[PDB]
Every structure is written in structure tokens, then in C-alpha cells.
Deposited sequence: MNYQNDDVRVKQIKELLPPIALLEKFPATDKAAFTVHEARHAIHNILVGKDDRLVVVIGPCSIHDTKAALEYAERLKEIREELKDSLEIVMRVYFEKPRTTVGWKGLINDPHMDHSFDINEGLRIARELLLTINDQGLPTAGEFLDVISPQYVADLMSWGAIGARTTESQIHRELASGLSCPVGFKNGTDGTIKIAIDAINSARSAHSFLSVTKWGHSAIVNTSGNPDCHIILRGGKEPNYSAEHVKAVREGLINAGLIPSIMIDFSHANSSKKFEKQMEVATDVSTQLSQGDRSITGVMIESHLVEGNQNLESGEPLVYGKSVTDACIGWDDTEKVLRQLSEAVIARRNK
């Protein structure tokens, strides 16, 4: 009585994570870009830093050449606007060749001094690229999932919980809360072997406002959200996603979807000015 893998057409072994960490080791320069950017994003998130975190980047990468050019352009503005903004590049995408292409781009961009951001879709793929990640988002459809909250509880970067696909703010405040506590999930070791991951908790989680039924970047949503975070005994630290379905010091970060460029300069220069205006 064949009862196993009845609907599995194929199970091919995946290169162990250590094989991507050996083929593509973090340069000291990548390591510091990742390490400084995390601490930066932390200082901004708790209010220690008056600058704004800016996750901007292509909607999706289809060409690594095209992306390395965007990055070159972005790094200039990253440091040109360094005292008003914290610019991070958003890098969304054979799985083995895919994992190699993914890692090489994140390492090259962090070695060029540009910190990288993306989405933590599952609990196994972080073991391959999170050493080069300074920030990540949990999607609207996986915010209420418990494994995605446990995942963040052990992610080494700050984490953005998006709101519900209807516009629910409670699953995010409950997620942010959950991530702050130790947890246990199941994934693999850097050798690729089924393992138990015991977390210590991530205090650097915050909500993303990405829309829903109708947009929610309105001051009144942000006021309702900020009162929602305060009641739950959380730092009112808010990020607004300008894309997808979308002196106030409770807005600590924005999110932008930008391809190859003119309005990107305009928007970054515009938010720069509003950050400067807030210090007064």
C-alpha cells in the first residue's frame, strides 16, 4: 500500500546552506554594511535617530546587471542623503543556481556599501542569505502565521510585519508582540539538516502600512495605528509602504517600488527635506 509522496513528483536535494556561504563568503565590507545598517535601523526604530529608514528598490529583479546599476545610482544618494535618511536596497525575486544568483547579488551590493532588504518568505531560505540582510518584511498573508512570527523571533535583522490584506492592524501588533519572545520552530542547520531552532526574541519589529480595502497612509490611519501600538505597550514606530495597495515622529520608515529613476531622486530628495523640516 504505497502511502508516501503520492503527490510528490520530485524531491531533489538542495545544496547545503554552507555551500553558498563558502562559494560566496561575506567580505569584511559586506559584514560592516550589514552590521551598521541593522544598528542604524534600530536607532531610528526606537527614536534614538531622527532620520527616516527608506526601503526602496525594483519591484522584482529579472536582470542582475540592471540591478547592480540601480544600486550604483542608489549608493550615491544613500550617502548624499545620509544625515536625513537611511537608504536600503530592496532585492525581491534550478533553485541551486537561483540561490547562487541571489547570494552573489546581495554580497556584491553589500560589498559596494549598499545594505540590502527583502522578504522572509519561508524558514529554510533565510539560512542562505540573511547574513547579508539588514532588514526584511513579513508579507500580509504570513503575518498571523505562528511560524512566521517565530521566524522573526530569531531573525538577526529588524523585521517589518505588514498589515492584513483587508487592512487589519491587530495581526501585526500581535505579531510584533509574539516576535519579542523566545520561540521554537523547525528548519535546517547551515549543513542542511532538519533541526530545532530556539530563538531569543526580536525587539526590533514594527508594522508596515501597505493598504487593504482602501489605503491607510492617512494621518488618521497613522493616528489610529499609533494609538493602537501605544495601547498594546509598544513603541509607536510605523513604516508606510507607498506601493502595492496603498512633525510626526511616529513615522520611522517608508517603502518605495522604483525601477530604472527621475522620480526616485525627486521622492528621496523630497522626504529628505521633510525629515530636515521635522527636526525644527
### Sequence order list of spans that the model leaves without C-alpha positions, deposited numbering
1-2, 96-117, 271-291, 306-330, 351
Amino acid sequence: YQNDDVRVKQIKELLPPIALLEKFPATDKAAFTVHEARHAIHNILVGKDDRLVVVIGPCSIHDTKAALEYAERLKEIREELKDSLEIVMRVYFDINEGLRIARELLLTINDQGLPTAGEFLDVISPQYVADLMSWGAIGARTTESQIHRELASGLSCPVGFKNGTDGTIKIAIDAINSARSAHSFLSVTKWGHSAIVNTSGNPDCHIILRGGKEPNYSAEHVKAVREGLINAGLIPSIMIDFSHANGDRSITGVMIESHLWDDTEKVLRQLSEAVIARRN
From here on, numbers count along this sequence of modelled residues.
### Task
Can you let me know which of the two, 225-233 or 33-41, has the higher average C-alpha B-factor in the entry?
225-233
### Task
Between 56-64 and 248-256, name whichever shows the higher mean Cα B factor according to the PDB entry.
56-64
### Query
Whose C-alpha has the highest temperature factor in the PDB entry: 125, 189, 198, 165?
165
#### Entry: Within-chain third of residue 83 by Cα B-factor, per the entry
highest
### Query
Ranked by Cα temperature factor within the chain, is residue 69 in the lowest third, the middle third or the highest third?
middle
### CA B-factor placement of residue 75, once the chain's modelled residues are sorted into thirds
middle
### Message
Quick check for you: using the entry's CA B-factors within this chain, is residue 96 in the lowest, middle or highest third?
### Response
lowest
### Third of the chain's Cα B-factor distribution that residue 210 belongs to, per the entry
highest
